[PDB]
Amino acid sequence: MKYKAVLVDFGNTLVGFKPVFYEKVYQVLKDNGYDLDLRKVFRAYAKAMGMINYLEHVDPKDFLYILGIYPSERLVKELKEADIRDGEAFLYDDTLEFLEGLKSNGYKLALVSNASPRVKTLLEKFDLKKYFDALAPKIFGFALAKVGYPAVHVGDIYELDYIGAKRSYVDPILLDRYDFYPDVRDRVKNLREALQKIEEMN
Amino acid sequence: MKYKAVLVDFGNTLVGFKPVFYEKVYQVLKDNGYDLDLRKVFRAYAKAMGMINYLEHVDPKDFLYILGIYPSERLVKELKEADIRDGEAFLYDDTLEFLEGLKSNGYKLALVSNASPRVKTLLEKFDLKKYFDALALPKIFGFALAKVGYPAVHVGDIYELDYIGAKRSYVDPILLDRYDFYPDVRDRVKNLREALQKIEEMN
């Protein structure tokens, strides 16, 4: 096997996030002239999940920032009314299957992520921890060294890694669940496709 | 014009960094069984530039981390002896020409980088500042974007994929790989000449 190891991101990769009252958030954006469907809402909301200064609770200005939308006095008010700070995590359908599949086909797996206490809880909750040979910023290269290389990084926007001597030790796969990167090809839209690309790659 | 604007990284894109005594750093790595060429040294050294808690002064453990090399007692000692903490900036040959060409062909330009005292000094030093409509020296990066307009193209040594946007990403990337570090990404460019031609293809 060319690739010993797969590194995987957390949000928009294994686990999604949405506001609890997503249909209300959807309706507020639309009322202010941004008709986006719910995939676009969920994409941005999981990114906003990462900018919260640590009890999860996204800030509505961060969510607009990720969306490229200007923080109207009013929009922000209506989003607060919509209870945007209350979110939920959900597991993608294909996640357990993907992880089990890679593991049982001889790959070592590392998780690459930020907010450890929240992420730990959710790893516990969805019973994802058992799959990982390493949990990983600079804990990155320790994780990489542990699981071995060359490795493949599956991510929703972790993009290109830069550990290595002559050559990058990590080749990326862009996983785009929400059709946000139509101008990137070689992208995959779910972890079935991601597994097939991995298999093609070696 | 599809693309209104170009965002460009700093290190390994516009400006390189190397240890002042690069040939001695080369020799120390080689002595310890890592025979890399100087391209590889300079690539890692510019990356180690972002990790210093600051007077620029790279840490040799960060430099080894980037290289993917385990920090021996001895390797680290020999690198300190080699004065690895002393570095220098240099401008790529094609940088002025590239920036001027984009500007005078109607692109708005943003610079995307960190450590702003260092970077400002160097922008002044190489006379780069006059080309930029915005400096995103965090959230600042999205403010730069709004200012220069979109869709925009991000040329980088690997900032890679940006994620501002509503229906769709507002920024398409180009990987600029000056030091032949990403042979498994094609569509990559090795020059700002190639970078410019790819920009022109993309619209």
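Thresholds, definitions, all that
Residues numbered from 1 in each chain as written, not as in the entry; some residues may be left out. Chains lettered and ligands numbered in written order. Heavy atoms only, no water. Residues with missing side-chain atoms left out of burial classes, pairs and counts. Helix = DSSP H or I, 4+ residues; strand = E, 2+ residues; numbered from the N terminus. Rg over C-alpha atoms; globule rule 2.2 N^0.38 Å. Buried < 20%, exposed > 50% of the residue type's maximum accessible area, 1.4 Å probe, protein only. Arc of directions from axis to C-beta. Contact = heavy atoms within 4.5 Å. Pairing = 2+ DSSP bridges. Right-handed = clockwise from strand over helix to strand, strands pointing away. Nonpolar A, V, L, I, M, F, W, Y, C, P; charged D, E, K, R; others polar. Domains from an automatic or database assignment. Buried area = accessible area lost by both parts, 1.4 Å probe. Salt bridge = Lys/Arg side-chain N within 4 Å of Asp/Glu carboxyl O. 1 Å grid on protein atoms, 1.4 Å probe; cavity = no way out; pocket = protein on both sides within 12 Å on 5 of 7 lines; lining within 4 Å. Points joined across faces, edges and corners; volume = space filled by probe spheres on them. Polar contact = N/O pair within 3.5 Å; in protein donor to acceptor, adjacent residues only side chain to side chain.

- As deposited, the entry is annotated with X-ray crystallography as its determination method and 2.40 Å as its resolution.

1. Observations concerning the overall build of chain A
Part 1 of the argument: Scanning chain A from terminus to terminus reveals 8 helices and 7 strands.
Part 2 of the argument: What you see for chain A is a C-alpha radius of gyration of 18 Å, in line with the 17 Å of a compact globule of 202 residues.

2. So, the overall build of chain B
Part 1 of the argument: On a plain count of helices and strands, chain B comes out with 8 helices and 7 strands.
Part 2 of the argument: Against the compact-globule benchmark of 17 Å for 203 residues, chain B has a radius of gyration of 18 Å, which places it among compact chains.
Part 3 of the argument: Based on the C-alpha atoms only, the size of chain B along its principal axes is roughly 55 × 35 × 30 Å.

3. Some remarks on helix α5 (residues 95–103) of chain A
Residues and elements named next belong to chain A.
Part 1 of the argument: Considered for burial, the residues of α5 that qualify are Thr-95, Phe-98, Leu-99, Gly-101 and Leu-102. Angularly, the buried residues of α5 cover 160° about the axis, an arc narrow enough to put them on a single face.
Part 2 of the argument: Residues of α5 that are buried make contact with β1 (5–8), β3 (87–91), β4 (108–111), β6 (151–155) and α8 (191–201).

4. A few points about the sheet that holds β4(A)
Part 1 of the argument: On the basis of which strands lie adjacent, the open sheet formed by 5 strands has the order β5-β4-β1-β6-β7 (chain A) and parallel pairing. Across the chains shown, the open sheet's two edge strands, defined by having one partner strand only, are β5 (134–135) and β7 (170–174) of chain A.

5. Description of the pairing of strand β4 (residues 108–112) of chain B
Residues and elements named next belong to chain B.
Part 1 of the argument: The element β4 is largely enclosed, with a buried count of 4 among its 5 residues.
Part 2 of the argument: Direction of pairing for strand β1 (residues 5–8) relative to β4: parallel, over a ladder of 4 bridges. Paired with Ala-5 across the two strands is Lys-108, which belongs to β4.
Part 3 of the argument: Handedness of the crossover joining β4 and strand β5 (residues 134–136) through helix α6 (residues 116–126): right-handed.

6. Things to note about the interface of chain A and chain B
Part 1 of the argument: Taken together, the contact between chain A and chain B spans 36 residues of the former and 39 residues of the latter.
Part 2 of the argument: Elements supplying a minimum of two residues to the side of chain A that touches chain B: α2 (38–48), α3 (60–67), α7 (139–147) and β7 of chain A.
Part 3 of the argument: Per-class residue counts for the side of chain A that touches chain B are 19 nonpolar, 4 polar and 13 charged.

7. Some remarks on the domain arrangement of chain A
Residue and element names in this part refer to chain A.
Part 1 of the argument: The domains assigned to chain A are domain 1 (2–16 + 89–202) and domain 2 (17–88).
Part 2 of the argument: Each of domain 1 and domain 2 was reduced to a C-alpha centroid, and the two centroids are 26 Å apart.
Part 3 of the argument: Listed per partner, the contact involves 14 residues of domain 1 and 11 residues of domain 2.
Part 4 of the argument: Around 1,200 Å² of area is buried between domain 1 and domain 2 when both sides are counted, 58% of it from carbon and sulfur atoms.
Part 5 of the argument: It is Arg-118, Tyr-178 and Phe-180 in domain 1 that bury the most area against domain 2; as a group they hold 43% of the surface buried on that side.
Part 6 of the argument: Taken together, the connections running from domain 1 to domain 2 amount to 1 salt bridge.

8. Thoughts on the domain arrangement of chain B
All names here are of chain B.
Part 1 of the argument: Examined at the domain level, chain B breaks down into domain 1 (2–16 + 89–203) and domain 2 (17–88).
Part 2 of the argument: Its C-alpha centre places domain 1 at a distance of 26 Å from the equivalent point of domain 2.
Part 3 of the argument: Residue-level contacts link 13 residues of domain 1 with 11 residues of domain 2.
Part 4 of the argument: Summed over the three residues of domain 1 that lose the most area to domain 2, namely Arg-118, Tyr-179 and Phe-181, the buried surface amounts to 44% of that side.
Part 5 of the argument: The interface formed by domain 1 and domain 2 includes 1 salt bridge.

9. Details of unusual backbone geometry
Part 1 of the argument: Omega for the bond connecting A:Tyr149 with A:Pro150 falls within 30 degrees of zero, at 0°, which places this linkage in the cis form.
Part 2 of the argument: On the secondary structure map, A:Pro150 appears in the loop between α7 and β6.
Part 3 of the argument: For B:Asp83, which is not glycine, the phi dihedral falls at a positive 70°.
Part 4 of the argument: Along the chain, the position of B:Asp83 falls in the loop between α4 (73–81) and β3 (87–91).
Part 5 of the argument: Backbone geometry at B:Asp180 places phi at a positive 60°, although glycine is not the residue there.
Part 6 of the argument: Tracing the backbone through its elements, the reader meets B:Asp180 in the loop between β7 (171–175) and α8 (192–202).

10. Topic: the pattern of salt bridges
Residues and elements named next belong to chain A.
Part 1 of the argument: Considering all chains together, one arrives at 23 salt bridges over all chains under this definition.
Part 2 of the argument: As a salt-bridge pair, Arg-74 and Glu-78 come within 2.7 Å of each other at their nearest N and O atoms. On the criterion of helical spacing, the pair formed by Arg-74 and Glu-78 is a turn pair, its members being 4 residues apart in helix α4 (residues 73–81).
Part 3 of the argument: Owing to a relative accessible area of 43%, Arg-74 belongs among the partly exposed residues under this scheme.

11. So, the side chain of A:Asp176
Part 1 of the argument: Following the sequence through the fold, A:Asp176 ends up in the loop between β7 and α8.
Part 2 of the argument: Setting aside its immediate chain neighbours within four residues, A:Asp176 contacts A:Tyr181, A:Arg187, A:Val188 and A:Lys189.

12. Description of empty space enclosed by the protein
All names here are of chain B.
Part 1 of the argument: Space inside the second largest cavity adds up to approximately 50 Å³.
Part 2 of the argument: As for the second largest cavity, its lining consists of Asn-12, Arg-43, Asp-157, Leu-176, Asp-177, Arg-178, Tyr-179, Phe-181 and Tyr-182.
Part 3 of the argument: Of the residues that constitute the lining of the second largest cavity, the class distribution is 4 nonpolar, 1 polar and 4 charged.

13. Some points on the side chain of A:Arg177
Residue and element names in this part refer to chain A.
Part 1 of the argument: Within the element layout of this structure, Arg-177 appears in the loop between β7 and α8.
Part 2 of the argument: The class for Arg-177 is buried, based on a relative accessible area of 11%.
Part 3 of the argument: At a separation of 3.0 Å, a polar atom in the side chain of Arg-177 contacts the side chain of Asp-94.
Part 4 of the argument: What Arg-177 contacts, discounting residues up to four positions off in sequence, is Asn-12, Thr-13, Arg-39, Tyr-92, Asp-94, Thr-95, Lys-189, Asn-190 and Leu-191.

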